[PDB]
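See structure below.
Just so we're on the same page: letters track the sequence lines, and every chain starts at 1. Just so it is clear, the values below take in all heavy atoms, side chains as well, and ignore hydrogens, waters and symmetry mates.
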Amino acid sequence: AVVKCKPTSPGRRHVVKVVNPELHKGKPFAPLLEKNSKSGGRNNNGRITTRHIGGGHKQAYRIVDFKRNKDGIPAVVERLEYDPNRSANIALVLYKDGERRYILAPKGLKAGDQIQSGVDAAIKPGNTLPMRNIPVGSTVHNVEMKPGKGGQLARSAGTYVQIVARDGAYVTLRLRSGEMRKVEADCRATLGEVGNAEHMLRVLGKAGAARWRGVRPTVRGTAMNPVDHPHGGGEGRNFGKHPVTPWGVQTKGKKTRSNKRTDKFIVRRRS
Amino acid sequence: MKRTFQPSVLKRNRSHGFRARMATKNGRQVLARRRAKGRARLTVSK
RNA sequence: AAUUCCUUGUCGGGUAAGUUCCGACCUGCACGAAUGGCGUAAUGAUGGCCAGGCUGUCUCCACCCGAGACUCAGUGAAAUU
RNA sequence: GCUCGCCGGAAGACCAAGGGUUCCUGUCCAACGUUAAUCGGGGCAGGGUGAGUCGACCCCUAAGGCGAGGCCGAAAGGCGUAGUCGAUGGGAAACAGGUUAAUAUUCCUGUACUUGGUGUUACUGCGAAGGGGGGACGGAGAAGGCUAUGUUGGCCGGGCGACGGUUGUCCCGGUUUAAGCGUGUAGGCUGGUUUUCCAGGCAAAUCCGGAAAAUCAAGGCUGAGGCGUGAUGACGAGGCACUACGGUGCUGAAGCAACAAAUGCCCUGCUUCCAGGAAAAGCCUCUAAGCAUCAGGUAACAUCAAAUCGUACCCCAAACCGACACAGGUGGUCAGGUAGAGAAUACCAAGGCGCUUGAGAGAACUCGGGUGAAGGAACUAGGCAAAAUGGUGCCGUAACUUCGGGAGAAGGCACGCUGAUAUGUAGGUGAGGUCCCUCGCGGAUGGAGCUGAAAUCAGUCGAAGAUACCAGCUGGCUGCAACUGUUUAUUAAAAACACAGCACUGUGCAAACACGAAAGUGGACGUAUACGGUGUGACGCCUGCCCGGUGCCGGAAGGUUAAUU
RNA sequence: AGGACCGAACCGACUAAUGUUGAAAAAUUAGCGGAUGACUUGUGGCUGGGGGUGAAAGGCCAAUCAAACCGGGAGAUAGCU
């Protein structure tokens, strides 16, 4: 649930936590762990390509099964685990054959619940089926953009997708952003919603909390010299020019989508 | 007061050593220039 | 007013006496609502002002203890011209 | 040589980095040393650095580097796969004593330990570039059990006092002993064993994982310290002959107990929290292709091997970085006594030093300090500076407030020593004895001895008892920023920047965006509760009117309009 | 529990004096701030000049920064001294 910390000191006055006792209070499944070195926002050239990235707590990557290609083998959820690499929670599921895997935790999935994959699996949360077998109008998550390449949509804390229509080979989807995107009616999807809805209610409460996540401070640009940002300096606070990126793009309505490759799966954009 | 030079043999060798210069063409030209000038010590080897 | 040129605006408080400070008035030279407006407990090697204590800060400097200054021996510069 | 002073969480001791003979001995004093110099980190000559166990090398890998082919690029070259490098991390083993003018865990004495080669004997399923296990990991907190170490007593040796007393409840010194081996305790973790079955672990598997039964409750693993042995030894305060008054043979007593106690050890533990806390090999198992009266594997014994390089000396400094024998800078380890909460502070031990110009004088003035009549901010841009406050316990404590604060608000009282309560109490520690027992490093009981606050009462000394060092000035009004933080290294620490929060906007993933002629990489092994950009800046109450201008987002009728034809 | 409180090590640099041919091309002395964290530090690595990095001062990038340093074009040009 959501708990508000008492104001024992500044920096705890506005801290709001999201404590979930159901999560595992122990080490994760070691075989499904990999090294995850921080980049600092620097590419192979050593240059900062993305700003405001650096530091933070050391993290270990968890191998989450986004394909769910084990069909016909029932699995039982062992425990819910905290994943530092994502906003959502992962669940350790044990298959009947003795294999263990990590999957995104849906809304109402708890220890002891049974899940299955494949066309013959039932319509219950946590089960993965191709859209062809999903009844229209149902809510799904971990949607596959292309068949067999692994889920890519609605994998955040409390996101999901709505199937609005199935036009034969293609099935229309309502991405939570607003797009009425359509994908081939062979892409696997998982029933239910990714369950961490309370995640958005979290309030960091202090500067140091952001630094733990690896987010470095952001410098506006108006409080900068002209040689550094287009907004530049001035005697006092002037900002007598249109808002713009550090490299000279509007950022106040100027659409930047220039893909043009697909232009076929986008029924409606947003809003 | 901490000064600019903080000696370190390992860092010195991998920054201006003979093998470091030979690793790139520009470093090789540095050796060629020093050889033409007749330098008694080409690099900071020892 | 971190904004008011005229200006030490005017009235009140504090002082024997207050161009600063505090509280009001509004005639806002030239405040104003996310280049945010107005409040705000706590916080500050932050700006302004007033008290108690405290004192050589001062009226007004006196004496004393040390290191230099001064003399002797040794060593022995500098700017400038 | 005798006094004096100084450091003693170092100004002592041992290292890394760095330096490279500054180390030790003899000799010399021109230059170097801010003076003299017989002296020196100076000149000259000689000597000095002994390792299977310490470090490097080596095996393994992180960030990252290079990179066969490959992809990309006018050339140069860029990126990157297989690989190969790369410690600041993981991986076998030595302790004590003695010894040199200068080295030692390296030599010597004593006592051990580790990994391999080969051989013999016995018993045998061995085999990896593969599978599994293990290695293997955070912050904070809480104790308990110990040790280093300390104190006191006992014990042994010596002493009987330059001046009153000092044969006693007196004074001084010592009271030390390792690795290894055996025991496996305080304590921590986990239910054992056997059989059958299986869509998993790229193939296989007796291993790992999963499933289903039966049978037992005691199995296993980990683990400081203690004890035994090592040790009839070594060391040992002091003696006895040699004794160049420079030092060595021989001998060498006691060598125990109690209490206190770590920031070290048990502990890579336990508890708890969110920000969720390396990799690989060695090691342990599993089998595949293969080899099977072989080869290999396990165990015992024997034998051999463990190379090469570093090892001097300084290392908070005169030897390193600062042009200097320079008030500077420089990582790790060791951590005694009295008082103390303490690694603060004061005085000291071990140990090391008095800082490489001195001698006089006792003017002005400058510098660093001490005290001050009466007044007490009249000083000054400004209480700048100085003075003052300063500890523990108890009492008490306002407006305001986000109910946490404000607050140590403000203010007041008591503090020494001696005796008694109590010839040392409450408490802590815990012997002997007795009882029990799976007779053990056990449990119960027992209270000797040791250690030891705090409080009350009474008495007593001084001007002053938190007497030294150490150690908050306090309160009222108000601007700005919420706050902790950050910033112009070297005149600006702020009201500036960050900030949590809020809003707008872009972005459907081969995301936007950014670095790149490109390949590619970051964003992200993320997916709209996500990410980028912009503005605002906790929180509370709120954020009004204007779309003509500029920008942005839509629009289709018309006008105008490039290459091309 | 805490970007909690007091306070050494440690990291900082608010005030004053001294020093200013200094002991020191930014330090000393007495006070001062943080001191479990957005902390601090060792070793190694990465980002290269119209570029880097920057809790943003035009700061820092080897005592040099509104475009580093070294060599070259180069005996640039100088209606100026």
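Distance A/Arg216 CZ to D/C499 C1': 14 Å, rounded to the nearest Å. Here D/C320 presents its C1' atom at 15 Å from CZ of B/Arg12, a figure rounded to the nearest Å. Protein atom CZ of A/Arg181 is 11 Å distant from nucleotide atom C1' of D/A511, rounded to whole Å. Straight-line distance from the CG atom of A/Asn44 to the P atom of D/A63: 15 Å, rounded to whole Å. Counting to the nearest Å, the P atom of E/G72 and the CD atom of B/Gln29 are 16 Å from each other.
With the cut-off at 3.5 Å for both distances, D/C413 forms a Watson-Crick or G-U wobble pair with D/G393. With the cut-off at 3.5 Å for both distances, D/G174 forms a Watson-Crick or G-U wobble pair with D/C155. Judged by Watson-Crick and G-U wobble geometry, where both atom pairs must sit under 3.5 Å apart, D/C71 and D/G555 do not count as a base pair. Taken together, D/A422 and C/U40 fail the test for a Watson-Crick or G-U wobble pair, since the two needed distances are not both under 3.5 Å. Taken together, D/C126 and D/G290 qualify as a Watson-Crick or G-U wobble pair under the 3.5 Å criterion applied to both distances. A Watson-Crick or G-U wobble pair links C/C22 to C/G12, both relevant atom distances lying under 3.5 Å. Base pair annotation for D/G411 with D/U152: unpaired, by the Watson-Crick or G-U wobble rule (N1-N3 plus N6-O4 or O6-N4, or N1-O2 plus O6-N3, under 3.5 Å). D/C283 and D/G133 are base-paired: they meet the Watson-Crick or G-U wobble geometry, with both hydrogen-bonding distances under 3.5 Å.
D/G416: glycosidic angle beyond 90° from 0, hence anti. Applying the 90° cutoff around 0 to the glycosidic angle, D/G246 is assigned syn.
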- nucleotides 45-50 of chain E: protein proximity per nucleotide (B base, S sugar-phosphate only, - neither; heavy atom, under 4.0 Å): SSSSS-
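Listed pair B/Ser8 / E/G44 meets the phosphate criterion, a side-chain N or O lying under 4.0 Å from OP1 or OP2. Remark: B/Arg3 is not in phosphate contact with E/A63, judged by side-chain N or O atoms under 4.0 Å from OP1 or OP2. Dashed line: the shortest gap from a side-chain N or O of A/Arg13 to OP1 or OP2 of D/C499 is not under 4.0 Å.
Taking A/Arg100 as the reference, A/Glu78 meet the side chain to side chain donor-acceptor pair (under 3.5 Å) condition, with sequence neighbours excluded.
Between B/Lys2 and A/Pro217, the residue anchored closer to the 5' end of RNA chain E is B/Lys2, taking for each the nucleotide with the nearest heavy atom.
Of the residues in residues 144-160 of chain A, those placing a heavy atom less than 4.0 Å from an atom of RNA chain D are A/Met145, A/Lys149, A/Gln152, A/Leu153, A/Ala154, A/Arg155, A/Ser156, A/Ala157, A/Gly158, A/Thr159, in numerical order. A heavy-atom distance below 4.0 Å to RNA chain D is reached by none of the residues of residues 33-46 of chain B. Less than 4.0 Å separates RNA chain D from at least one heavy atom of each of the following residues of residues 251-259 of chain A: A/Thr251, A/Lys252, A/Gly253, A/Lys254, A/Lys255, A/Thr256, A/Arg257. Looking at residues 59-98 of chain A, you'll see A/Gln59, A/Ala60, A/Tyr61, A/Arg62, A/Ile63, A/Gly72, A/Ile73, A/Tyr82, A/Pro84, A/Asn85, A/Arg86, A/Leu94, A/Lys96, A/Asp97, A/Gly98 sit with a heavy atom under 4.0 Å from some atom of RNA chain D.
Judged by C1'-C2'-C3'-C4', the furanose ring of D/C470 adopts a north pucker.
Ion pairing of A/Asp186 with A/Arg132 is present here, as a side-chain N (NZ or NE/NH1/NH2) and a carboxylate O approach within less than 4.0 Å.
Put simply, the side chain of A/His242 and the base of D/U550 share a donor and an acceptor less than 3.5 Å apart. Contact of A/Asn43 with D/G516 (side chain to base): no donor-acceptor pair of N or O atoms is detected under 3.5 Å.
Here the side chain of A/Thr49 is nearest to one of D/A76, D/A63, D/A514, namely D/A514.
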